[PDB]
Amino acid sequence: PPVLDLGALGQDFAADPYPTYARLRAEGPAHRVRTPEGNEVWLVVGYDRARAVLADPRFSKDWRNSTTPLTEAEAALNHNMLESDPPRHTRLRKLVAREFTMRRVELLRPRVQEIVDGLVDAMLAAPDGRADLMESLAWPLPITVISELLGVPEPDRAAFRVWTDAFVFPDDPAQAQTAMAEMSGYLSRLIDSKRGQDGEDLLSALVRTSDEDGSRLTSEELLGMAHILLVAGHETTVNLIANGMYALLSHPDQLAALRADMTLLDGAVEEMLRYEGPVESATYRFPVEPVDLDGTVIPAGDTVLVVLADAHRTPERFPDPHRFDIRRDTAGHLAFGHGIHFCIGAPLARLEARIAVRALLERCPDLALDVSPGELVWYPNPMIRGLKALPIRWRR
Ligand code: HEM
Ligand SMILES: C[C@@H]1C[C@H](N(C)C)[C@@H](O)[C@H](OC2CCCCCCCCCCCC2)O1
């Protein structure tokens, strides 16, 4: 079977990838494709097989197992738990697990509520009663929360944001490299700036751990840890909030049901993850040996992407999959992954999204989508399902 070119689609494919994936899934679990940016990878589609591959230790996350070359700017940032296997994965994650439990995250609630209250205050001063929800709330909220956790000073954040866009959503390869190089230079200086300042933010704590014992946390791993916690804080929750509010505003009967009973809110947020989560495909996996998936054999070291999005539209697992239904049974969705790499930030992402959504509904009378769905534009990245903008309006 020939390599399918996703780039050739466009677009189209970036707005609505689902039929493309579902067509693949009818033929079987694994497919050689060429991403819009030009990388040859495997797609794993279909819920059951997606779930198994996510947790299967025959599929490594360590780039030493991959046959794909890394540039210097890329390699400098890959000593992090998401790009590791046990035992390194185990050791790195244990260093921060305690910061991200539900009970520790619950203590951030007053401060997350305050950040939301202020962003919405400012949004609602708009004289025309219109805004882009992404500029006004979905982007600044997660950024502010994770910046204050890690200790990124406020004046540094705007630059920081440009980099983390420039290489999550490139448009030009040399720019992505430059940004990675700069982000890495910045994080090193930030890290150095904490030494001997007795700060109590998370990065100051990790700096002390590393300086007390460089075999528990190396300086490369310390930079990798600040990087992964910050980027994940920049680019996932944003899209959960935007995509989810889009789902609600474009399914007016679900929005009303939720208005009528706000106790449905937690279950509505799960169905946002299930129906249109920010993660369209999981991060790279590399088979340590060749892996046979129903007669399709995947060679050692090839790149494998597990397609979360298609898993979530598998009718056998989620009946009536294309329906956004806030009361659906969402248990078992893969929006936060599955297995040893299951999202460490999930309690924090849920806290943010629940608060932001409830603030929008309670505070925006007759909240409306301010363009038709057909006018929205989706970024092309096949790992991310994300809008460029979400125009909303409300009654002023
Ligand atoms: C709605 C928001 C989020 C979604 C949908 C999400 C999704 C995911 C997924 C699918 C994975 C597993 C990747 C894989 O196995 O290939 C993951 C891992 C990870 N996420 Fe989240 N994420 C979100 C928010 C966050 C936040 C706010 C943080 C910051 C604390 C975070 C930090 C991480 C880290 C460090 C990992 C690697 C965990 C490991 O390897 O053990 N994520 N995320
Ligand atoms: C480690 C990988 C490398 C990749 N490129 C440099 C090739 C980058 O775009 C990706 O991160 C994106 C993709 C979203 C996946 C969601 C998982 C959330 C965990 C944090 C990873 C960064 C998130 C953004 O992180």
# chains A, B, ... in the order shown; residues from 1 in each chain; ligands from 1
$ residues_near_ligand --ligand "ligand 1" --cutoff "7 Å" --atoms "only C-alpha atoms and all ligand atoms" --output "ChimeraX atom specification"
/A:54,81-83,89,93,100,228-230,232-233,236-237,240,273,277-279,282-284,334-338,340-346,348-350
$ residues_around --residues "residue 298 in chain A" --least-positions-apart "2" --cutoff "10 Å" --atoms "only C-alpha atoms" --output "JSON, numbers by chain"
{"A": [30, 31, 32, 42, 286, 287, 289, 290, 291, 292, 293, 295, 296, 300, 301, 302, 303, 304]}
$ write_last_selection --atoms "N, CA, C and O atoms" --output "PDB file, in the first residue's frame"
ATOM      1  N   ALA A  30      -2.772   0.005  11.287  1.00  0.00           N
ATOM      2  CA  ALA A  30      -1.488   0.754  11.026  1.00  0.00           C
ATOM      3  C   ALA A  30      -1.191   1.198   9.604  1.00  0.00           C
ATOM      4  O   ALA A  30      -1.332   0.394   8.698  1.00  0.00           O
ATOM      5  N   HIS A  31      -0.772   2.457   9.407  1.00  0.00           N
ATOM      6  CA  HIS A  31      -0.661   3.048   8.082  1.00  0.00           C
ATOM      7  C   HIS A  31       0.520   4.045   7.955  1.00  0.00           C
ATOM      8  O   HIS A  31       0.690   4.974   8.787  1.00  0.00           O
ATOM      9  N   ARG A  32       1.269   3.881   6.872  1.00  0.00           N
ATOM     10  CA  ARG A  32       2.375   4.725   6.552  1.00  0.00           C
ATOM     11  C   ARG A  32       1.719   5.952   5.975  1.00  0.00           C
ATOM     12  O   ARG A  32       0.874   5.817   5.119  1.00  0.00           O
ATOM     13  N   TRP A  42       4.175   6.323  11.021  1.00  0.00           N
ATOM     14  CA  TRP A  42       3.002   5.425  11.081  1.00  0.00           C
ATOM     15  C   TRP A  42       1.869   6.047  11.889  1.00  0.00           C
ATOM     16  O   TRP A  42       2.155   6.742  12.863  1.00  0.00           O
ATOM     17  N   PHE A 286       8.654   4.633  19.293  1.00  0.00           N
ATOM     18  CA  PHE A 286       9.597   3.905  18.472  1.00  0.00           C
ATOM     19  C   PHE A 286       9.612   2.454  18.894  1.00  0.00           C
ATOM     20  O   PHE A 286       9.943   2.151  20.045  1.00  0.00           O
ATOM     21  N   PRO A 287       9.239   1.546  17.990  1.00  0.00           N
ATOM     22  CA  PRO A 287       9.315   0.109  18.338  1.00  0.00           C
ATOM     23  C   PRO A 287      10.778  -0.297  18.576  1.00  0.00           C
ATOM     24  O   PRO A 287      11.668   0.064  17.779  1.00  0.00           O
ATOM     25  N   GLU A 289      11.773  -3.398  18.717  1.00  0.00           N
ATOM     26  CA  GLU A 289      12.015  -4.529  17.844  1.00  0.00           C
ATOM     27  C   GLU A 289      10.888  -4.360  16.808  1.00  0.00           C
ATOM     28  O   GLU A 289      10.008  -3.497  17.009  1.00  0.00           O
ATOM     29  N   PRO A 290      10.889  -5.125  15.688  1.00  0.00           N
ATOM     30  CA  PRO A 290       9.722  -5.004  14.816  1.00  0.00           C
ATOM     31  C   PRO A 290       8.423  -5.456  15.482  1.00  0.00           C
ATOM     32  O   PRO A 290       8.397  -6.400  16.259  1.00  0.00           O
ATOM     33  N   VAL A 291       7.352  -4.736  15.213  1.00  0.00           N
ATOM     34  CA  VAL A 291       6.096  -5.031  15.869  1.00  0.00           C
ATOM     35  C   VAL A 291       5.045  -5.328  14.796  1.00  0.00           C
ATOM     36  O   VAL A 291       4.829  -4.521  13.902  1.00  0.00           O
ATOM     37  N   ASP A 292       4.397  -6.470  14.917  1.00  0.00           N
ATOM     38  CA  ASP A 292       3.378  -6.904  13.967  1.00  0.00           C
ATOM     39  C   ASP A 292       1.956  -6.523  14.480  1.00  0.00           C
ATOM     40  O   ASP A 292       1.527  -6.999  15.532  1.00  0.00           O
ATOM     41  N   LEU A 293       1.252  -5.683  13.734  1.00  0.00           N
ATOM     42  CA  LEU A 293      -0.123  -5.266  14.094  1.00  0.00           C
ATOM     43  C   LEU A 293      -1.103  -5.822  13.048  1.00  0.00           C
ATOM     44  O   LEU A 293      -1.222  -5.258  11.972  1.00  0.00           O
ATOM     45  N   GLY A 295      -0.843  -8.417  10.991  1.00  0.00           N
ATOM     46  CA  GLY A 295      -0.115  -8.648   9.763  1.00  0.00           C
ATOM     47  C   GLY A 295       0.601  -7.450   9.198  1.00  0.00           C
ATOM     48  O   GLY A 295       1.376  -7.598   8.263  1.00  0.00           O
ATOM     49  N   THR A 296       0.344  -6.247   9.707  1.00  0.00           N
ATOM     50  CA  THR A 296       1.162  -5.122   9.256  1.00  0.00           C
ATOM     51  C   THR A 296       2.341  -5.038  10.231  1.00  0.00           C
ATOM     52  O   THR A 296       2.128  -4.885  11.440  1.00  0.00           O
ATOM     53  N   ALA A 300      11.741  -1.766  13.563  1.00  0.00           N
ATOM     54  CA  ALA A 300      12.429  -1.168  14.697  1.00  0.00           C
ATOM     55  C   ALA A 300      12.806   0.262  14.324  1.00  0.00           C
ATOM     56  O   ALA A 300      13.237   0.546  13.185  1.00  0.00           O
ATOM     57  N   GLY A 301      12.533   1.181  15.239  1.00  0.00           N
ATOM     58  CA  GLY A 301      12.946   2.596  15.090  1.00  0.00           C
ATOM     59  C   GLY A 301      12.122   3.510  14.257  1.00  0.00           C
ATOM     60  O   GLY A 301      12.435   4.718  14.145  1.00  0.00           O
ATOM     61  N   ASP A 302      11.058   2.998  13.639  1.00  0.00           N
ATOM     62  CA  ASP A 302      10.217   3.897  12.885  1.00  0.00           C
ATOM     63  C   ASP A 302       9.389   4.756  13.910  1.00  0.00           C
ATOM     64  O   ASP A 302       9.221   4.356  15.022  1.00  0.00           O
ATOM     65  N   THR A 303       8.870   5.888  13.470  1.00  0.00           N
ATOM     66  CA  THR A 303       8.056   6.761  14.264  1.00  0.00           C
ATOM     67  C   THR A 303       6.623   6.330  14.213  1.00  0.00           C
ATOM     68  O   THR A 303       6.090   6.163  13.138  1.00  0.00           O
ATOM     69  N   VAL A 304       6.003   6.158  15.392  1.00  0.00           N
ATOM     70  CA  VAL A 304       4.616   5.784  15.414  1.00  0.00           C
ATOM     71  C   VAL A 304       3.808   6.812  16.160  1.00  0.00           C
ATOM     72  O   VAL A 304       4.112   7.123  17.332  1.00  0.00           O
TER      73      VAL A 304
END
$ residues_around --residues "residue 39 in chain A" --least-positions-apart "5" --cutoff "12 Å" --atoms "only C-alpha atoms" --output "ChimeraX atom specification"
/A:3-7,32-34,68-69,284,302-305,381-382
$ residues_around --residues "residue 27 in chain A" --least-positions-apart "4" --cutoff "12 Å" --atoms "only C-alpha atoms" --output "NGL selection string"
:A and (1 or 20-23 or 31 or 44-46 or 294-296)
$ select_by_dssp --residues "range 162-248 of chain A" --states "helix (DSSP H, G or I)" --output "number ranges by chain"
A: 162-166, 173-194, 202-212, 219-235, 237-248
$ residues_around --residues "residue 99 in chain A" --least-positions-apart "5" --cutoff "9 Å" --atoms "only C-alpha atoms" --output "PyMOL selection string"
chain A and resi 104-105+202
$ atom_distance --atom1 "CA of residue 235 in chain A" --atom2 "atom 22 (C, counted along the ligand's line) of ligand 2"
7.0 Å
$ select_by_dssp --residues "range 246-384 of chain A" --states "strand (DSSP E)" --output "PyMOL selection string"
chain A and resi 286-287+291-293+296-298+304-306+368-369
$ residues_around --residues "residue 392 in chain A" --least-positions-apart "6" --cutoff "10 Å" --atoms "only C-alpha atoms" --output "list in words"
residues 129, 130, 131, 132, 133, 134, 245, 246, 249, 367, 368, 369, 370 and 371 of chain A
$ write_last_selection --atoms "C-alpha atoms" --output "compact mmCIF listing (two decimals), in the first residue's frame"
# COMPACT_ATOMS: atom_id res chain seq x y z
CA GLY A 129 -19.64 42.91 23.28
CA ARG A 130 -17.34 40.88 21.03
CA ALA A 131 -14.00 39.11 21.59
CA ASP A 132 -11.72 36.38 20.46
CA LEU A 133 -12.01 33.90 23.36
CA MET A 134 -8.51 32.60 22.72
CA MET A 245 -16.38 26.21 24.23
CA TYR A 246 -16.64 25.75 20.47
CA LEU A 249 -21.56 27.12 21.28
CA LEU A 367 -22.85 33.89 24.80
CA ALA A 368 -22.67 33.15 21.10
CA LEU A 369 -20.36 31.97 18.48
CA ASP A 370 -19.66 35.08 16.36
CA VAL A 371 -18.85 33.41 13.04
$ atom_distance --atom1 "CA of residue 380 in chain A" --atom2 "CA of residue 358 in chain A"
29.3 Å
$ closest_residue --among "A:359, A:95, A:112, A:387" --to "residue 247 in chain A" --atoms "only C-alpha atoms"
A:387
$ closest_residue --among "A:280, A:271, A:320, A:352" --to "ligand 2" --atoms "only C-alpha atoms and all ligand atoms"
A:280
$ atom_distance --atom1 "CA of residue 219 in chain A" --atom2 "CA of residue 182 in chain A"
17.2 Å
$ residues_around --residues "residue 261 in chain A" --least-positions-apart "6" --cutoff "12 Å" --atoms "only C-alpha atoms" --output "PyMOL selection string"
chain A and resi 254-255+267-268+326-327+358+361-362
$ decode --residues "range 315-348 of chain A" --atoms "N, CA, C and O atoms" --output "mmCIF file, in the first residue's frame"
data_model
loop_
_atom_site.group_PDB
_atom_site.id
_atom_site.type_symbol
_atom_site.label_atom_id
_atom_site.label_comp_id
_atom_site.auth_asym_id
_atom_site.auth_seq_id
_atom_site.Cartn_x
_atom_site.Cartn_y
_atom_site.Cartn_z
ATOM 1 N N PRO A 315 -17.018 3.751 16.973
ATOM 2 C CA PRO A 315 -18.414 3.628 17.429
ATOM 3 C C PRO A 315 -18.606 2.497 18.372
ATOM 4 O O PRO A 315 -19.398 2.641 19.302
ATOM 5 N N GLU A 316 -17.808 1.441 18.192
ATOM 6 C CA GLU A 316 -17.825 0.292 19.079
ATOM 7 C C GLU A 316 -17.551 0.673 20.532
ATOM 8 O O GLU A 316 -18.035 0.024 21.499
ATOM 9 N N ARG A 317 -16.780 1.754 20.710
ATOM 10 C CA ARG A 317 -16.407 2.146 22.047
ATOM 11 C C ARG A 317 -17.228 3.368 22.539
ATOM 12 O O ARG A 317 -17.532 3.466 23.730
ATOM 13 N N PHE A 318 -17.488 4.322 21.656
ATOM 14 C CA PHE A 318 -18.300 5.503 21.987
ATOM 15 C C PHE A 318 -19.510 5.543 21.035
ATOM 16 O O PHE A 318 -19.400 6.020 19.917
ATOM 17 N N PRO A 319 -20.632 4.944 21.428
ATOM 18 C CA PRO A 319 -21.753 4.942 20.431
ATOM 19 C C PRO A 319 -22.192 6.333 19.954
ATOM 20 O O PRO A 319 -22.140 7.307 20.717
ATOM 21 N N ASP A 320 -22.628 6.417 18.701
ATOM 22 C CA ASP A 320 -23.053 7.678 18.114
ATOM 23 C C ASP A 320 -21.848 8.693 18.240
ATOM 24 O O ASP A 320 -21.968 9.814 18.744
ATOM 25 N N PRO A 321 -20.657 8.270 17.754
ATOM 26 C CA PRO A 321 -19.419 8.990 18.141
ATOM 27 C C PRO A 321 -19.389 10.462 17.743
ATOM 28 O O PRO A 321 -18.721 11.262 18.394
ATOM 29 N N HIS A 322 -20.075 10.830 16.665
ATOM 30 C CA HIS A 322 -20.011 12.189 16.190
ATOM 31 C C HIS A 322 -20.971 13.097 16.937
ATOM 32 O O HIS A 322 -20.986 14.273 16.718
ATOM 33 N N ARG A 323 -21.748 12.548 17.847
ATOM 34 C CA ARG A 323 -22.584 13.376 18.710
ATOM 35 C C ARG A 323 -21.870 13.929 19.982
ATOM 36 O O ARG A 323 -21.377 13.199 20.819
ATOM 37 N N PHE A 324 -21.921 15.225 20.172
ATOM 38 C CA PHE A 324 -21.443 15.809 21.368
ATOM 39 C C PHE A 324 -22.566 15.787 22.381
ATOM 40 O O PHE A 324 -23.540 16.489 22.272
ATOM 41 N N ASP A 325 -22.436 14.954 23.388
ATOM 42 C CA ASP A 325 -23.487 14.771 24.348
ATOM 43 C C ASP A 325 -22.850 14.874 25.738
ATOM 44 O O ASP A 325 -22.156 13.951 26.161
ATOM 45 N N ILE A 326 -23.092 15.964 26.463
ATOM 46 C CA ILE A 326 -22.464 16.118 27.786
ATOM 47 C C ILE A 326 -22.787 15.079 28.876
ATOM 48 O O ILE A 326 -22.097 14.986 29.907
ATOM 49 N N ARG A 327 -23.813 14.279 28.658
ATOM 50 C CA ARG A 327 -24.178 13.236 29.614
ATOM 51 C C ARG A 327 -23.686 11.855 29.189
ATOM 52 O O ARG A 327 -23.983 10.868 29.832
ATOM 53 N N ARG A 328 -22.925 11.796 28.102
ATOM 54 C CA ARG A 328 -22.371 10.542 27.559
ATOM 55 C C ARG A 328 -21.509 9.855 28.652
ATOM 56 O O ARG A 328 -20.973 10.529 29.557
ATOM 57 N N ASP A 329 -21.346 8.540 28.574
ATOM 58 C CA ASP A 329 -20.370 7.865 29.469
ATOM 59 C C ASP A 329 -18.988 8.054 28.789
ATOM 60 O O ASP A 329 -18.777 7.586 27.666
ATOM 61 N N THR A 330 -18.102 8.829 29.407
ATOM 62 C CA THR A 330 -16.793 9.196 28.730
ATOM 63 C C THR A 330 -15.649 8.381 29.289
ATOM 64 O O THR A 330 -14.499 8.506 28.844
ATOM 65 N N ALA A 331 -15.974 7.551 30.265
ATOM 66 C CA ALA A 331 -14.980 6.759 30.982
ATOM 67 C C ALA A 331 -14.162 5.956 29.966
ATOM 68 O O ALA A 331 -14.711 5.369 28.979
ATOM 69 N N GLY A 332 -12.837 6.020 30.143
ATOM 70 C CA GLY A 332 -11.942 5.319 29.255
ATOM 71 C C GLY A 332 -11.418 6.119 28.098
ATOM 72 O O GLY A 332 -10.655 5.589 27.251
ATOM 73 N N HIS A 333 -11.776 7.400 28.042
ATOM 74 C CA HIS A 333 -11.188 8.186 26.934
ATOM 75 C C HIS A 333 -9.637 8.305 27.148
ATOM 76 O O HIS A 333 -9.089 8.078 28.258
ATOM 77 N N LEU A 334 -8.982 8.574 26.054
ATOM 78 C CA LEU A 334 -7.542 8.627 25.955
ATOM 79 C C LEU A 334 -7.049 10.075 25.761
ATOM 80 O O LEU A 334 -5.911 10.275 25.335
ATOM 81 N N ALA A 335 -7.843 11.090 26.100
ATOM 82 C CA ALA A 335 -7.382 12.495 25.911
ATOM 83 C C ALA A 335 -6.075 12.851 26.678
ATOM 84 O O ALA A 335 -5.292 13.698 26.191
ATOM 85 N N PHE A 336 -5.889 12.234 27.837
ATOM 86 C CA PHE A 336 -4.682 12.381 28.708
ATOM 87 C C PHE A 336 -3.720 11.189 28.575
ATOM 88 O O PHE A 336 -2.805 11.017 29.365
ATOM 89 N N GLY A 337 -3.967 10.339 27.599
ATOM 90 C CA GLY A 337 -3.037 9.244 27.354
ATOM 91 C C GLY A 337 -3.506 8.015 28.132
ATOM 92 O O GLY A 337 -4.643 7.917 28.554
ATOM 93 N N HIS A 338 -2.582 7.098 28.325
ATOM 94 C CA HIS A 338 -2.851 5.827 28.983
ATOM 95 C C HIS A 338 -1.507 5.152 29.268
ATOM 96 O O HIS A 338 -0.675 5.030 28.401
ATOM 97 N N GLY A 339 -1.331 4.661 30.466
ATOM 98 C CA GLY A 339 -0.104 3.890 30.782
ATOM 99 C C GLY A 339 0.864 4.707 31.617
ATOM 100 O O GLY A 339 0.460 5.752 32.214
ATOM 101 N N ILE A 340 2.159 4.337 31.577
ATOM 102 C CA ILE A 340 3.092 5.084 32.412
ATOM 103 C C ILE A 340 3.250 6.588 32.136
ATOM 104 O O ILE A 340 3.667 7.321 33.023
ATOM 105 N N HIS A 341 2.922 7.035 30.921
ATOM 106 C CA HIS A 341 3.058 8.437 30.540
ATOM 107 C C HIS A 341 1.749 9.238 30.667
ATOM 108 O O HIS A 341 1.715 10.357 30.238
ATOM 109 N N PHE A 342 0.748 8.656 31.288
ATOM 110 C CA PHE A 342 -0.549 9.271 31.427
ATOM 111 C C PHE A 342 -0.334 10.656 32.021
ATOM 112 O O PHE A 342 0.475 10.848 32.951
ATOM 113 N N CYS A 343 -1.033 11.631 31.454
ATOM 114 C CA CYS A 343 -0.820 13.066 31.746
ATOM 115 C C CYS A 343 -0.646 13.338 33.215
ATOM 116 O O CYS A 343 -1.579 13.173 34.018
ATOM 117 N N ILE A 344 0.513 13.887 33.588
ATOM 118 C CA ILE A 344 0.689 14.315 34.966
ATOM 119 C C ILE A 344 -0.049 15.595 35.312
ATOM 120 O O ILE A 344 -0.320 15.915 36.514
ATOM 121 N N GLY A 345 -0.361 16.382 34.293
ATOM 122 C CA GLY A 345 -1.027 17.646 34.570
ATOM 123 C C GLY A 345 -2.561 17.560 34.547
ATOM 124 O O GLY A 345 -3.227 18.592 34.578
ATOM 125 N N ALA A 346 -3.144 16.354 34.464
ATOM 126 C CA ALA A 346 -4.579 16.265 34.207
ATOM 127 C C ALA A 346 -5.420 16.940 35.270
ATOM 128 O O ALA A 346 -6.382 17.616 34.902
ATOM 129 N N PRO A 347 -5.080 16.752 36.599
ATOM 130 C CA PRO A 347 -5.845 17.471 37.630
ATOM 131 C C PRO A 347 -5.828 18.988 37.453
ATOM 132 O O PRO A 347 -6.844 19.664 37.725
ATOM 133 N N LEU A 348 -4.677 19.521 37.066
ATOM 134 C CA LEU A 348 -4.469 20.975 36.851
ATOM 135 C C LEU A 348 -5.223 21.455 35.598
ATOM 136 O O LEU A 348 -5.902 22.498 35.623
#
